[PDB]
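Participant: Below you'll find the structure I mean.
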Amino acid sequence: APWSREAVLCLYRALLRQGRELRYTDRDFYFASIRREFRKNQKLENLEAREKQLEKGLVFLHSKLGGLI
Amino acid sequence: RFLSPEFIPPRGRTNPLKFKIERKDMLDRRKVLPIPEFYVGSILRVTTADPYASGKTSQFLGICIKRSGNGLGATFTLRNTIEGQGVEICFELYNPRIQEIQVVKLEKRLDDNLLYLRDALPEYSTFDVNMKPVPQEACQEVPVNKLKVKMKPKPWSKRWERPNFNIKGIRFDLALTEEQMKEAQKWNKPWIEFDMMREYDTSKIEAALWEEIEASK
Amino acid sequence: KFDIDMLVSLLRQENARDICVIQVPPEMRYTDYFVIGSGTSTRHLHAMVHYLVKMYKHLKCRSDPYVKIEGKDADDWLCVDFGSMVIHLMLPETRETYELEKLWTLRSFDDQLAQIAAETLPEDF
Amino acid sequence: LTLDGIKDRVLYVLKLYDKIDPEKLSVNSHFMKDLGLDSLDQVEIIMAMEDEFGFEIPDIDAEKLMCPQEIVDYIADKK
Amino acid sequence: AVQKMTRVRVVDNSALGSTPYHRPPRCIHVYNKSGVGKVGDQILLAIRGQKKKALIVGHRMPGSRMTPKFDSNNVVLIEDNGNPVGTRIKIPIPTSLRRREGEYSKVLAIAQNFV
Amino acid sequence: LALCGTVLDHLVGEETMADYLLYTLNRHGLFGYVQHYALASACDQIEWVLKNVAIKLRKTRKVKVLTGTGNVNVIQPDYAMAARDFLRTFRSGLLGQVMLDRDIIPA
Amino acid sequence: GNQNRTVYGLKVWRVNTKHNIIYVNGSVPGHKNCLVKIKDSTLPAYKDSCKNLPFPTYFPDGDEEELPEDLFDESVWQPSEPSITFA
Ligand SMILES: [Mg+2]
């Protein structure tokens, strides 16, 4: 369904990897929120739908975790 | 030799000194910021510092639909459509919070007013915000874009078919039947163009003004 | 001095939950820093807002102008806009419904925004 | 390094994840089938595990462990 | 300039406006001592048999130089407590709303595009 | 009190009232408008039924809608006319017998 | 029309010594090329503000110091200055 299941997981690890480098924010809230995002959406999707969701996550990573200090 | 319109004085009983004083101030701002040559119908990108923030800059790109004003108060309007919402900002050339003016695409259009673009189809009003500038040739004459736009249903902002507007950039044939075109010609004043006391000749004024502008350089 | 570091420490001391700090690129002309923090109840929300404003006036800003407290008529969402920072304090359910974090994190890829399409107006035949 | 320590420490951290509900956390607890941890779920076990033992684990093969014993060896032989 | 009986375009994603209905909303009251309404002025709409508060975010009438003139009279619906009814605004909103006296930070938070 | 025709319908709009018919008509089970107006199948949305009724009666208007680039006049089906005819059929009794006050009388 | 009217409390933004031009805030009664009467404001706030100004009058023959061609008020943004950036 996704561009690649490997990329899907790769994205998550990357996000969580940076998740422990934040300073001015609730580190726990970050983890929790992200988990809900991935889970709720990725469980069932189509090629086009899954392509968009993974793409939005990809840009978030490449934008200083969405400017989230 | 392109003399910017704002320098040309309007006729009246105001003293020439009032204009000389203003020109000196106008030339002073131009040295600090260069105001590029542009005409109605050319696409411009204007970067202005927002006063509602901490000197952060804003950018707006659009086609210059109108140019008006004399002296240090001269203005130009330029339109664009953003997420399917038309917007027009009337900028002031000499406002000291205009960081930069870039002529993305320099050209001339059949008319010197493009207000009718409000009633034309959205395509003729939408321009890409991120478009890169097109090349220009200094030792050449500016191109004249002869595009004739297509209008939306008849109820318009104004009666553009009427002879007083003198619009030459609308496809009247498609949107109006010849019966309407004949009827609209009942407001035509043929004598206007042929009465010699209504014409303001600025050739000598432009010649003297051009010399002064170069001399100050 | 009054800065983001002082504000977050002030918010942490008063024990707010889920404090999120999103930087805003200079391109957007809204604010340098965007702050969202949840609160236990309406009473707690009022206390936090009052404390921050009280500290703000005390903490220098002698030349800098004053800041209004907005949303007092509202019972669950209060927003205070400082010169270069904006803080929104709201209850958990209000935070969940509006999802301010997602919009500013994902500028144009927010799920709610995606659902908002464009249209035109053709005749009916 | 202590082999028993790695096992109990890996088992200790694995115990804490109420997300996995350690109803049966045998040293050979199959992360995927026994615990029903999706590809996403098994990773967070690693990533969280990485924090415990100074990380340095590459996911290339950390997604093939699927049992506390193997991951114990995976780190024991990497330490 | 918005007056009594003007026709308005709701620019939220809220169901109250979003839903296509044969009649547009019409202004019933302008919250000013001046009967006229400009950018940042609240108004009371009559939208689908319901009386609902709203805020003007743009209009077709010219304003002062360096401000944006829109092609439609744009309005956002606000609850009685003052919280916006809708959660998103995809149409550009002028940045003057920030400094006008009043409560506009909530609306600005919901607006992604500013002109 | 407006359903039966006791008060002038334009005081209520005739659009917050046509909806009420569909609710009670469907609620009470009198699925007669489908056959009379040859609708596809039962429904509970005015915009849909009044779309069907309008087409059946071949009635359309030229209505000004306000889009993002400016007002435009677009021909559209008469939602207003359908509401009247839908009301005027009900009141004529060809849509069935009704007991608007029900569960208030039994009690 | 054609009546004597007075405007009160108009600020002076700049003076041009070379051409003897005064820049006065806002509008002044009369048409262009109309002669006007200029005198210090009689409003309560500016009761004794003429302490700083030349008390009898400004004498250029005295030549105590030669004035710049253009005099400005501090708030005024002069042309030829860097563009305003509200940093
Ligand atoms: Mg008009």
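Note on naming: chains are A, B, ... as they come in the structure tokens, residues start from 1 per chain, ligands start from 1 in the order shown.
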Near range 18-35 of chain A, within 8 Å and counting only C-alpha atoms, which residues show up once chain neighbours fewer than 5 positions away are dropped, as JSON, numbers by chain?
Facilitator: {"A": [69], "C": [5, 8, 17, 18, 19, 20, 21]}
Participant: Tell me the residues of chain E close to chain F, meaning within 9 Å using only C-alpha atoms, as a ChimeraX atom specification.
Facilitator: /E:7-9,20-24,48-49,70-74
Participant: Tell me, in Å to one decimal, how far CA of residue 11 in chain G is from CA of residue 66 in chain C.
Facilitator: 28.2 Å
Participant: With only C-alpha atoms as the counted atoms, please give the residues lying no more than 12 Å from residue 10 in chain A, apart from itself and same-chain residues fewer than 3 positions off, as a PDB file with C-alpha atoms, in the first residue's frame.
Facilitator:
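What landed in out_2.pdb:
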```pdb
ATOM      1  CA  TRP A   3       5.521   3.769  -1.219  1.00  0.00           C
ATOM      2  CA  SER A   4       7.450   1.171   0.786  1.00  0.00           C
ATOM      3  CA  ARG A   5       6.865  -0.431   4.171  1.00  0.00           C
ATOM      4  CA  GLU A   6      10.589  -0.035   4.863  1.00  0.00           C
ATOM      5  CA  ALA A   7      10.342   3.719   4.292  1.00  0.00           C
ATOM      6  CA  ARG A  13      12.375   5.698  13.735  1.00  0.00           C
ATOM      7  CA  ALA A  14      13.831   8.938  12.376  1.00  0.00           C
ATOM      8  CA  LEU A  15      11.051  10.974  13.995  1.00  0.00           C
ATOM      9  CA  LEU A  16      11.388   9.215  17.349  1.00  0.00           C
ATOM     10  CA  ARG A  17      15.180   9.447  17.076  1.00  0.00           C
ATOM     11  CA  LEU A  54       3.538   9.182   4.396  1.00  0.00           C
ATOM     12  CA  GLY A  57       5.151  12.878   7.529  1.00  0.00           C
ATOM     13  CA  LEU A  58       8.201  12.986   5.266  1.00  0.00           C
ATOM     14  CA  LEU A  61      10.756  15.440   9.219  1.00  0.00           C
TER      15      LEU A  61
ATOM     16  CA  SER D  39       6.158  -3.836  12.467  1.00  0.00           C
ATOM     17  CA  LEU D  40       5.695  -0.439  14.108  1.00  0.00           C
ATOM     18  CA  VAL D  43      10.471  -1.232  16.413  1.00  0.00           C
ATOM     19  CA  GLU D  44       9.572   0.910  19.429  1.00  0.00           C
ATOM     20  CA  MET D  47      14.240   2.035  19.937  1.00  0.00           C
ATOM     21  CA  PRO D  58      21.065  -0.497  13.692  1.00  0.00           C
ATOM     22  CA  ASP D  59      17.509  -1.435  12.788  1.00  0.00           C
ATOM     23  CA  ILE D  60      18.748  -3.408   9.743  1.00  0.00           C
ATOM     24  CA  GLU D  63      13.564  -6.029  13.297  1.00  0.00           C
TER      25      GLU D  63
END
```
Participant: Neighbours of ligand 1 at 12 Å or closer, counting only C-alpha atoms and all ligand atoms: which residues, as a PDB file with N, CA and C atoms, in the first residue's frame?
Facilitator:
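Resulting contents of pocket.pdb:
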```pdb
ATOM      1  N   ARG B 118     -11.510  42.307 -13.473  1.00  0.00           N
ATOM      2  CA  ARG B 118     -12.374  41.855 -12.391  1.00  0.00           C
ATOM      3  C   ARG B 118     -13.531  41.026 -12.921  1.00  0.00           C
ATOM      4  N   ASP B 119     -13.987  41.323 -14.135  1.00  0.00           N
ATOM      5  CA  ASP B 119     -15.090  40.614 -14.762  1.00  0.00           C
ATOM      6  C   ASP B 119     -14.634  39.544 -15.744  1.00  0.00           C
ATOM      7  N   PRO B 155     -23.644  40.763 -16.363  1.00  0.00           N
ATOM      8  CA  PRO B 155     -23.594  41.704 -15.236  1.00  0.00           C
ATOM      9  C   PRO B 155     -22.160  41.930 -14.791  1.00  0.00           C
ATOM     10  N   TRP B 156     -21.646  43.124 -15.059  1.00  0.00           N
ATOM     11  CA  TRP B 156     -20.252  43.458 -14.823  1.00  0.00           C
ATOM     12  C   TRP B 156     -20.160  44.597 -13.820  1.00  0.00           C
ATOM     13  N   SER B 157     -18.934  44.871 -13.380  1.00  0.00           N
ATOM     14  CA  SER B 157     -18.715  45.991 -12.477  1.00  0.00           C
ATOM     15  C   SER B 157     -19.108  47.305 -13.139  1.00  0.00           C
ATOM     16  N   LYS B 158     -18.748  47.476 -14.406  1.00  0.00           N
ATOM     17  CA  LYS B 158     -19.120  48.647 -15.181  1.00  0.00           C
ATOM     18  C   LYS B 158     -19.605  48.197 -16.553  1.00  0.00           C
ATOM     19  N   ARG B 159     -20.070  49.160 -17.344  1.00  0.00           N
ATOM     20  CA  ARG B 159     -20.539  48.888 -18.699  1.00  0.00           C
ATOM     21  C   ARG B 159     -19.353  49.068 -19.640  1.00  0.00           C
TER      22      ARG B 159
ATOM     23  N   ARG E  60     -15.309  44.204  -0.396  1.00  0.00           N
ATOM     24  CA  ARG E  60     -15.020  44.726  -1.721  1.00  0.00           C
ATOM     25  C   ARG E  60     -14.795  46.228  -1.742  1.00  0.00           C
ATOM     26  N   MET E  61     -15.106  46.925  -0.672  1.00  0.00           N
ATOM     27  CA  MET E  61     -14.966  48.364  -0.722  1.00  0.00           C
ATOM     28  C   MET E  61     -13.501  48.749  -0.530  1.00  0.00           C
ATOM     29  N   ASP E  71     -12.470  40.499  -3.497  1.00  0.00           N
ATOM     30  CA  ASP E  71     -13.541  40.480  -4.484  1.00  0.00           C
ATOM     31  C   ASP E  71     -14.871  40.027  -3.905  1.00  0.00           C
TER      32      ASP E  71
ATOM     33  N   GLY F  70     -16.152  37.129  -7.301  1.00  0.00           N
ATOM     34  CA  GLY F  70     -17.198  38.116  -7.482  1.00  0.00           C
ATOM     35  C   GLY F  70     -18.552  37.501  -7.759  1.00  0.00           C
ATOM     36  N   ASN F  71     -19.613  38.286  -7.587  1.00  0.00           N
ATOM     37  CA  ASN F  71     -20.962  37.774  -7.782  1.00  0.00           C
ATOM     38  C   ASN F  71     -21.140  37.252  -9.201  1.00  0.00           C
TER      39      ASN F  71
END
```
Participant: Considering only C-alpha atoms, tabulate each residue of chain C that lies at most 12 Å from chain A along with its nearest interatomic pair and the corresponding distance in Å to one decimal; arrange the rows by chain and ascending residue number and present them as JSON lines.
Facilitator:
```
{"residue": "C:4", "atom": "CA", "partner": "A:24", "partner_atom": "CA", "distance": 8.6}
{"residue": "C:5", "atom": "CA", "partner": "A:24", "partner_atom": "CA", "distance": 7.7}
{"residue": "C:6", "atom": "CA", "partner": "A:24", "partner_atom": "CA", "distance": 10.7}
{"residue": "C:7", "atom": "CA", "partner": "A:24", "partner_atom": "CA", "distance": 10.0}
{"residue": "C:8", "atom": "CA", "partner": "A:24", "partner_atom": "CA", "distance": 6.9}
{"residue": "C:9", "atom": "CA", "partner": "A:24", "partner_atom": "CA", "distance": 9.1}
{"residue": "C:10", "atom": "CA", "partner": "A:24", "partner_atom": "CA", "distance": 12.0}
{"residue": "C:11", "atom": "CA", "partner": "A:25", "partner_atom": "CA", "distance": 10.8}
{"residue": "C:12", "atom": "CA", "partner": "A:26", "partner_atom": "CA", "distance": 9.8}
{"residue": "C:15", "atom": "CA", "partner": "A:26", "partner_atom": "CA", "distance": 11.7}
{"residue": "C:16", "atom": "CA", "partner": "A:26", "partner_atom": "CA", "distance": 10.1}
{"residue": "C:17", "atom": "CA", "partner": "A:26", "partner_atom": "CA", "distance": 8.0}
{"residue": "C:18", "atom": "CA", "partner": "A:26", "partner_atom": "CA", "distance": 5.7}
{"residue": "C:19", "atom": "CA", "partner": "A:25", "partner_atom": "CA", "distance": 5.8}
{"residue": "C:20", "atom": "CA", "partner": "A:25", "partner_atom": "CA", "distance": 5.0}
{"residue": "C:21", "atom": "CA", "partner": "A:25", "partner_atom": "CA", "distance": 5.8}
{"residue": "C:22", "atom": "CA", "partner": "A:68", "partner_atom": "CA", "distance": 4.2}
{"residue": "C:23", "atom": "CA", "partner": "A:67", "partner_atom": "CA", "distance": 4.9}
{"residue": "C:24", "atom": "CA", "partner": "A:67", "partner_atom": "CA", "distance": 6.5}
{"residue": "C:25", "atom": "CA", "partner": "A:67", "partner_atom": "CA", "distance": 7.8}
{"residue": "C:26", "atom": "CA", "partner": "A:67", "partner_atom": "CA", "distance": 11.5}
{"residue": "C:32", "atom": "CA", "partner": "A:67", "partner_atom": "CA", "distance": 10.8}
{"residue": "C:33", "atom": "CA", "partner": "A:69", "partner_atom": "CA", "distance": 9.1}
{"residue": "C:34", "atom": "CA", "partner": "A:68", "partner_atom": "CA", "distance": 9.3}
{"residue": "C:35", "atom": "CA", "partner": "A:25", "partner_atom": "CA", "distance": 9.3}
{"residue": "C:36", "atom": "CA", "partner": "A:25", "partner_atom": "CA", "distance": 9.8}
{"residue": "C:37", "atom": "CA", "partner": "A:25", "partner_atom": "CA", "distance": 9.7}
{"residue": "C:38", "atom": "CA", "partner": "A:29", "partner_atom": "CA", "distance": 11.1}
{"residue": "C:96", "atom": "CA", "partner": "A:33", "partner_atom": "CA", "distance": 11.0}
{"residue": "C:99", "atom": "CA", "partner": "A:33", "partner_atom": "CA", "distance": 11.2}
{"residue": "C:101", "atom": "CA", "partner": "A:68", "partner_atom": "CA", "distance": 9.1}
{"residue": "C:102", "atom": "CA", "partner": "A:66", "partner_atom": "CA", "distance": 8.9}
{"residue": "C:103", "atom": "CA", "partner": "A:66", "partner_atom": "CA", "distance": 9.7}
{"residue": "C:104", "atom": "CA", "partner": "A:66", "partner_atom": "CA", "distance": 7.5}
{"residue": "C:105", "atom": "CA", "partner": "A:66", "partner_atom": "CA", "distance": 4.2}
{"residue": "C:106", "atom": "CA", "partner": "A:66", "partner_atom": "CA", "distance": 6.2}
{"residue": "C:107", "atom": "CA", "partner": "A:66", "partner_atom": "CA", "distance": 8.3}
{"residue": "C:108", "atom": "CA", "partner": "A:56", "partner_atom": "CA", "distance": 9.0}
{"residue": "C:109", "atom": "CA", "partner": "A:56", "partner_atom": "CA", "distance": 6.0}
{"residue": "C:110", "atom": "CA", "partner": "A:56", "partner_atom": "CA", "distance": 8.4}
{"residue": "C:111", "atom": "CA", "partner": "A:53", "partner_atom": "CA", "distance": 9.1}
{"residue": "C:114", "atom": "CA", "partner": "A:52", "partner_atom": "CA", "distance": 10.4}
```
Participant: Write the residues you've just listed into a file as a PDB file, in the first residue's frame, and include C-alpha atoms for each of them.
Facilitator:
```pdb
ATOM      1  CA  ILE C   4      10.701  31.991  25.574  1.00  0.00           C
ATOM      2  CA  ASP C   5      13.040  30.348  28.086  1.00  0.00           C
ATOM      3  CA  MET C   6      11.530  32.343  30.950  1.00  0.00           C
ATOM      4  CA  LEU C   7       7.994  31.683  29.706  1.00  0.00           C
ATOM      5  CA  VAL C   8       8.385  27.901  29.471  1.00  0.00           C
ATOM      6  CA  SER C   9       9.998  27.831  32.910  1.00  0.00           C
ATOM      7  CA  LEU C  10       7.130  29.970  34.199  1.00  0.00           C
ATOM      8  CA  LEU C  11       4.594  27.630  32.592  1.00  0.00           C
ATOM      9  CA  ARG C  12       6.376  24.572  33.989  1.00  0.00           C
ATOM     10  CA  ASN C  15       2.265  23.049  36.221  1.00  0.00           C
ATOM     11  CA  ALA C  16       0.608  23.213  32.802  1.00  0.00           C
ATOM     12  CA  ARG C  17       0.250  20.084  30.682  1.00  0.00           C
ATOM     13  CA  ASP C  18       1.253  19.305  27.092  1.00  0.00           C
ATOM     14  CA  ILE C  19       3.067  22.630  26.600  1.00  0.00           C
ATOM     15  CA  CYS C  20       4.060  22.695  22.920  1.00  0.00           C
ATOM     16  CA  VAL C  21       6.432  25.269  21.425  1.00  0.00           C
ATOM     17  CA  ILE C  22       6.405  25.575  17.628  1.00  0.00           C
ATOM     18  CA  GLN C  23       8.763  27.964  15.873  1.00  0.00           C
ATOM     19  CA  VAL C  24       7.273  29.902  12.956  1.00  0.00           C
ATOM     20  CA  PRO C  25       9.395  30.638   9.868  1.00  0.00           C
ATOM     21  CA  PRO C  26      10.011  34.354   9.254  1.00  0.00           C
ATOM     22  CA  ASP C  32       8.430  34.181  16.184  1.00  0.00           C
ATOM     23  CA  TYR C  33       7.195  31.496  18.602  1.00  0.00           C
ATOM     24  CA  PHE C  34       3.822  29.760  18.926  1.00  0.00           C
ATOM     25  CA  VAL C  35       3.000  28.207  22.310  1.00  0.00           C
ATOM     26  CA  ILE C  36       0.068  25.932  23.182  1.00  0.00           C
ATOM     27  CA  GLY C  37      -0.459  24.613  26.701  1.00  0.00           C
ATOM     28  CA  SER C  38      -3.300  22.571  28.160  1.00  0.00           C
ATOM     29  CA  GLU C  96      -8.399  18.029  20.557  1.00  0.00           C
ATOM     30  CA  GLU C  99      -5.781  20.702  16.751  1.00  0.00           C
ATOM     31  CA  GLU C 101      -0.465  21.803  16.838  1.00  0.00           C
ATOM     32  CA  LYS C 102      -1.084  19.960  13.569  1.00  0.00           C
ATOM     33  CA  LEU C 103      -1.859  23.068  11.507  1.00  0.00           C
ATOM     34  CA  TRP C 104       1.308  24.932  12.458  1.00  0.00           C
ATOM     35  CA  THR C 105       3.516  21.833  12.377  1.00  0.00           C
ATOM     36  CA  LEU C 106       2.082  20.793   8.985  1.00  0.00           C
ATOM     37  CA  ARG C 107       1.533  24.156   7.321  1.00  0.00           C
ATOM     38  CA  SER C 108      -0.381  22.947   4.252  1.00  0.00           C
ATOM     39  CA  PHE C 109      -0.765  19.191   4.888  1.00  0.00           C
ATOM     40  CA  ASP C 110      -3.200  19.354   7.812  1.00  0.00           C
ATOM     41  CA  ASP C 111      -5.920  16.723   7.528  1.00  0.00           C
ATOM     42  CA  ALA C 114      -7.067  18.935   3.027  1.00  0.00           C
TER      43      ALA C 114
END
```
Participant: If we count only C-alpha atoms, what is near residue 50 in chain E at a cut-off of 10 Å, once residues fewer than 3 positions away on the same chain are taken out, given as a PyMOL selection string?
Facilitator: chain E and resi 16+25+45-47+53
Participant: Mind dumping the selected residues with N, CA and C atoms as a PDB file, in the first residue's frame?
Facilitator:
```
ATOM      1  N   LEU E  16     -22.374  24.906   9.541  1.00  0.00           N
ATOM      2  CA  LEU E  16     -23.400  25.939   9.439  1.00  0.00           C
ATOM      3  C   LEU E  16     -23.327  26.663   8.101  1.00  0.00           C
ATOM      4  N   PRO E  25     -26.186  33.777   3.559  1.00  0.00           N
ATOM      5  CA  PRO E  25     -26.464  34.496   4.804  1.00  0.00           C
ATOM      6  C   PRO E  25     -26.585  35.993   4.577  1.00  0.00           C
ATOM      7  N   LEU E  45     -25.458  37.547  11.750  1.00  0.00           N
ATOM      8  CA  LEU E  45     -26.030  36.991  10.535  1.00  0.00           C
ATOM      9  C   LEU E  45     -27.358  36.298  10.815  1.00  0.00           C
ATOM     10  N   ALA E  46     -28.147  36.149   9.757  1.00  0.00           N
ATOM     11  CA  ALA E  46     -29.323  35.285   9.743  1.00  0.00           C
ATOM     12  C   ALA E  46     -29.016  34.171   8.750  1.00  0.00           C
ATOM     13  N   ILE E  47     -28.580  33.025   9.266  1.00  0.00           N
ATOM     14  CA  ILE E  47     -28.073  31.931   8.448  1.00  0.00           C
ATOM     15  C   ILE E  47     -28.906  30.691   8.750  1.00  0.00           C
ATOM     16  N   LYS E  53     -23.452  34.998  15.401  1.00  0.00           N
ATOM     17  CA  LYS E  53     -22.464  36.062  15.328  1.00  0.00           C
ATOM     18  C   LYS E  53     -21.387  35.719  14.309  1.00  0.00           C
TER      19      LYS E  53
END
```
Participant: Have a look at CA of residue 108 in chain E and CA of residue 82 in chain E and let me know their distance in Å, one decimal.
Facilitator: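 Value for the CA of residue 108 in chain E-CA of residue 82 in chain E distance: 13.3 Å.
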Participant: Contacts of residue 22 in chain B at 7 Å or less, counting only C-alpha atoms, minus same-chain residues fewer than 3 places along, as JSON, numbers by chain?
Facilitator: {"B": [18, 19, 25, 26, 71, 72]}
Participant: Just N, CA, C and O atoms for this one: save the residues we selected as an mmCIF file, in the first residue's frame.
Facilitator:
```cif
data_model
loop_
_atom_site.group_PDB
_atom_site.id
_atom_site.type_symbol
_atom_site.label_atom_id
_atom_site.label_comp_id
_atom_site.auth_asym_id
_atom_site.auth_seq_id
_atom_site.Cartn_x
_atom_site.Cartn_y
_atom_site.Cartn_z
ATOM 1 N N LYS B 18 5.803 74.256 -6.384
ATOM 2 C CA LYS B 18 5.316 73.112 -5.621
ATOM 3 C C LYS B 18 5.789 71.806 -6.244
ATOM 4 O O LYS B 18 6.049 70.828 -5.537
ATOM 5 N N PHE B 19 5.897 71.772 -7.573
ATOM 6 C CA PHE B 19 6.390 70.579 -8.252
ATOM 7 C C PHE B 19 7.903 70.443 -8.121
ATOM 8 O O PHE B 19 8.413 69.340 -7.897
ATOM 9 N N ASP B 25 12.562 65.803 -3.554
ATOM 10 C CA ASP B 25 12.319 64.722 -2.609
ATOM 11 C C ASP B 25 12.157 63.387 -3.328
ATOM 12 O O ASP B 25 12.669 62.362 -2.866
ATOM 13 N N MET B 26 11.448 63.381 -4.459
ATOM 14 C CA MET B 26 11.242 62.136 -5.193
ATOM 15 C C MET B 26 12.565 61.563 -5.678
ATOM 16 O O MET B 26 12.800 60.354 -5.583
ATOM 17 N N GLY B 71 3.404 63.270 -8.266
ATOM 18 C CA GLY B 71 4.306 63.616 -7.192
ATOM 19 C C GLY B 71 4.627 62.432 -6.293
ATOM 20 O O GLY B 71 4.546 61.266 -6.681
ATOM 21 N N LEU B 72 4.998 62.764 -5.056
ATOM 22 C CA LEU B 72 5.411 61.771 -4.072
ATOM 23 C C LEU B 72 4.265 60.890 -3.598
ATOM 24 O O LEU B 72 4.508 59.960 -2.822
#
```
Participant: Work out how far CA of residue 76 in chain G is from CA of residue 35 in chain G, in Å to one decimal.
Facilitator: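 CA of residue 35 in chain G sits 26.4 Å away from CA of residue 76 in chain G.
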Participant: Can you list, as number ranges by chain, all residues belonging to chain A that DSSP tags as alpha helix (DSSP H)?
Facilitator: A: 5-19, 27-42, 47-61, 64-67
Participant: Just the residues within 10 Å of residue 7 in chain G, please, counting only C-alpha atoms, with nothing from its chain fewer than 5 positions along; format it as a list in words.
Facilitator: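 In the requested form, the answer reads residues 26, 27, 28, 29 and 41 of chain G.
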Participant: Check every residue of chain C for an atom within 12 Å of chain B, counting only C-alpha atoms, and provide those that qualify as a CSV table (one decimal) with N, CA, C and O atoms, in the first residue's frame.
Facilitator:
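Wrote out.csv, looks like this:
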```csv
chain,number,residue,atom,x,y,z
C,25,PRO,N,8.4,30.1,10.8
C,25,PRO,CA,9.4,30.6,9.9
C,25,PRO,C,9.1,32.1,9.7
C,25,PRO,O,8.0,32.6,9.7
C,26,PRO,N,10.2,32.9,9.4
C,26,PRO,CA,10.0,34.4,9.3
C,26,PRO,C,9.0,34.7,8.1
C,26,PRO,O,8.5,35.8,8.1
C,27,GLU,N,8.9,33.8,7.2
C,27,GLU,CA,8.0,34.1,6.0
C,27,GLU,C,6.6,34.4,6.4
C,27,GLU,O,6.0,35.3,5.9
C,28,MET,N,6.1,33.7,7.4
C,28,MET,CA,4.8,34.0,8.0
C,28,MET,C,4.9,35.1,8.9
C,28,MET,O,5.7,35.1,9.9
C,29,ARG,N,4.0,36.1,8.8
C,29,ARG,CA,4.1,37.3,9.6
C,29,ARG,C,3.0,37.3,10.7
C,29,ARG,O,2.1,38.0,10.8
C,30,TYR,N,3.2,36.3,11.6
C,30,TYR,CA,2.4,36.2,12.8
C,30,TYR,C,3.2,36.3,14.1
C,30,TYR,O,2.8,37.1,14.9
C,31,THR,N,4.2,35.5,14.2
C,31,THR,CA,5.0,35.5,15.5
C,31,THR,C,6.2,34.7,15.3
C,31,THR,O,6.3,33.8,14.5
C,32,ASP,N,7.2,35.0,16.2
C,32,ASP,CA,8.4,34.2,16.2
C,32,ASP,C,8.2,32.8,16.8
C,32,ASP,O,8.6,31.8,16.2
C,82,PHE,N,1.8,38.1,23.1
C,82,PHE,CA,2.9,39.0,23.4
C,82,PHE,C,3.5,39.5,22.1
C,82,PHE,O,3.2,39.0,21.0
C,83,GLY,N,4.5,40.4,22.2
C,83,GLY,CA,5.0,41.1,21.0
C,83,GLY,C,5.6,40.1,20.0
C,83,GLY,O,5.3,40.2,18.8
C,84,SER,N,6.3,39.1,20.5
C,84,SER,CA,6.9,38.1,19.6
C,84,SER,C,6.5,36.7,19.9
C,84,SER,O,7.0,35.8,19.3
C,85,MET,N,5.7,36.5,20.9
C,85,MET,CA,5.2,35.1,21.2
C,85,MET,C,3.7,35.2,21.4
C,85,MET,O,3.1,36.2,21.9
C,108,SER,N,0.6,23.1,5.3
C,108,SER,CA,-0.4,22.9,4.3
C,108,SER,C,-0.9,21.5,4.1
C,108,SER,O,-1.6,21.2,3.2
C,116,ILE,N,-10.8,20.8,2.6
C,116,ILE,CA,-11.4,22.0,2.1
C,116,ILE,C,-10.9,22.2,0.7
C,116,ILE,O,-9.8,22.6,0.4
C,117,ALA,N,-11.8,21.9,-0.3
C,117,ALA,CA,-11.5,22.0,-1.7
C,117,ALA,C,-12.0,23.3,-2.3
C,117,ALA,O,-12.5,24.2,-1.6
C,118,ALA,N,-11.9,23.4,-3.6
C,118,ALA,CA,-12.3,24.6,-4.3
C,118,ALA,C,-13.4,24.2,-5.3
C,118,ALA,O,-13.5,23.0,-5.7
C,119,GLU,N,-14.1,25.2,-5.8
C,119,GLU,CA,-15.3,24.9,-6.7
C,119,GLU,C,-15.4,26.1,-7.7
C,119,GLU,O,-14.7,27.1,-7.6
C,120,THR,N,-16.4,25.9,-8.6
C,120,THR,CA,-16.8,26.9,-9.6
C,120,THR,C,-18.3,26.8,-9.7
C,120,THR,O,-18.9,26.0,-9.1
C,121,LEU,N,-18.9,27.7,-10.5
C,121,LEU,CA,-20.3,27.9,-10.6
C,121,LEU,C,-20.8,27.7,-12.0
C,121,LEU,O,-20.9,28.8,-12.8
C,122,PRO,N,-21.1,26.5,-12.5
C,122,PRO,CA,-21.7,26.4,-13.8
C,122,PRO,C,-23.2,26.4,-13.8
C,122,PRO,O,-23.9,26.0,-12.8
C,123,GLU,N,-23.9,26.7,-14.9
C,123,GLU,CA,-25.3,26.7,-15.1
C,123,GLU,C,-25.8,25.3,-14.9
C,123,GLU,O,-25.1,24.3,-15.1
```
Participant: If we count only C-alpha atoms, what is near residue 33 in chain B at a cut-off of 9 Å, once residues fewer than 6 positions away on the same chain are taken out, given as a list in words?
Facilitator: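 Selected residues are residues 98, 99, 100 and 101 of chain B; 80, 82 and 83 of chain G.
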Participant: Could you find all residues in range 23-87 of chain C that DSSP calls strand (DSSP E or B) from the backbone, and write them as a ChimeraX atom specification?
Facilitator: /C:23,33-38,69-70,77-81,85-87
Participant: What residues in chain C have any atom no more than 7 Å from chain E when counting only C-alpha atoms, and can you write them as a ChimeraX atom specification?
Facilitator: /C:70,73-74,79,98,113,116
